[PDB]
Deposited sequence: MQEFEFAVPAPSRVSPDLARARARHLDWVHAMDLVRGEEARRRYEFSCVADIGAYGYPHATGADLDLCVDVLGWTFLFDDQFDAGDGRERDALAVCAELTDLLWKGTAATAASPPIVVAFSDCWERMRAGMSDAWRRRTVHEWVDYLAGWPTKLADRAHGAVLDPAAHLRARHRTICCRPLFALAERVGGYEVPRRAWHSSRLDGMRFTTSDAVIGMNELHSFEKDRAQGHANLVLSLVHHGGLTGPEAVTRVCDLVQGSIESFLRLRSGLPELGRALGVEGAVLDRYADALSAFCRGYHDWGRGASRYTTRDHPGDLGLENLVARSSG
């Protein structure tokens, strides 16, 4: 499939070095993959990042995929240790498992140079992402087919888009002002971008999940909506296109948002560009 994401196709020119470094990093962290090409996503989602900034993007994205593998009692203990690490400002110890040590390695770089306000809202977003994995284990043990709305609510946590939007600020060199970042206008752009990425992800892994018995949005629409296979696919496609259209309507109101809140328009367009670039990056990599 191909959608009209409002951003040109781009890739970072420093992808060769970053990929090679990252494979040494997962080895040094005792985490391991290289053949899945999941590492390259960092260079597609942040096409202007180079050097250490790109390394952080590749490290964080690679970690999420390896964190997901932990679920495919020990994983629940990691969720609790990571939560306390973030809430209480701790760092990994000598008894921490490799997945926790690796995350602390990322978080120390990610939080450096950022304000307390930015750290506060990013910590909350990291913990809300962690909250979705106990749900994954419970639903798998239950064995029931989630209804479409319940599948999307759970996936909005595990997709990990909001922590990665905060990362765009960190590597871009700016912070969206507080009064503007919390507005429903910008939160709607984060939500619509997440819907699009989820829709794309559900269409890419459809055949694999159906053959392995895993959950998928398309299968939930067939089971609960009475739709056929072809109908459920078109339904998910409409979600991606509608989310893109909704994102574009929200963006057209940023000049008035800046005037109302007294915020420089430049930073607002830079933030909107980052969200669009991430969605486009995931689209191209997935294809």
| property | result |
| --- | --- |
| Missing CA stretches, deposited numbering from 1, N-terminus first | 1-3, 36-43, 84-89, 305-329 |
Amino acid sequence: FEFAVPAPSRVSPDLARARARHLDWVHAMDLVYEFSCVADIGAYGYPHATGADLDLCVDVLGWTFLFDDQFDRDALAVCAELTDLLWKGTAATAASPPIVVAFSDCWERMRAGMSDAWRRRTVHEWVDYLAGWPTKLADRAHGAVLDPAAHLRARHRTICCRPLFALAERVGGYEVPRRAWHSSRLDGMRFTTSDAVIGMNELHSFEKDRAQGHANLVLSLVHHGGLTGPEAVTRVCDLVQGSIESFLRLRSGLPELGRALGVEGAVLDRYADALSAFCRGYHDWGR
From here on, numbers count along this sequence of modelled residues.
| item | value |
| --- | --- |
| Comparing 162-170 with 74-82, the one whose average Cα B-factor in the PDB entry is higher | 74-82 |
| Residue range whose averaged C-alpha B-factor is higher in the record, 210-218 or 138-146 | 210-218 |
| Largest Cα B-factor, entry values, listed residues 262, 62, 242, 47 | 262 |
| Most elevated Cα B-factor in the entry, residues 179, 121, 111, 156 | 179 |
| Chain-relative CA temperature factor third for residue 23 | highest |
| Ranked C-alpha temperature factor of residue 92 among modelled chain residues, by third | highest |
| Third assignment of residue 203 from its chain's C-alpha B-factors | highest |
| Within-chain third of residue 32 by Cα B-factor, per the entry | highest |
| Assigned third (lowest, middle, highest) for the C-alpha B factor of residue 250 | middle |
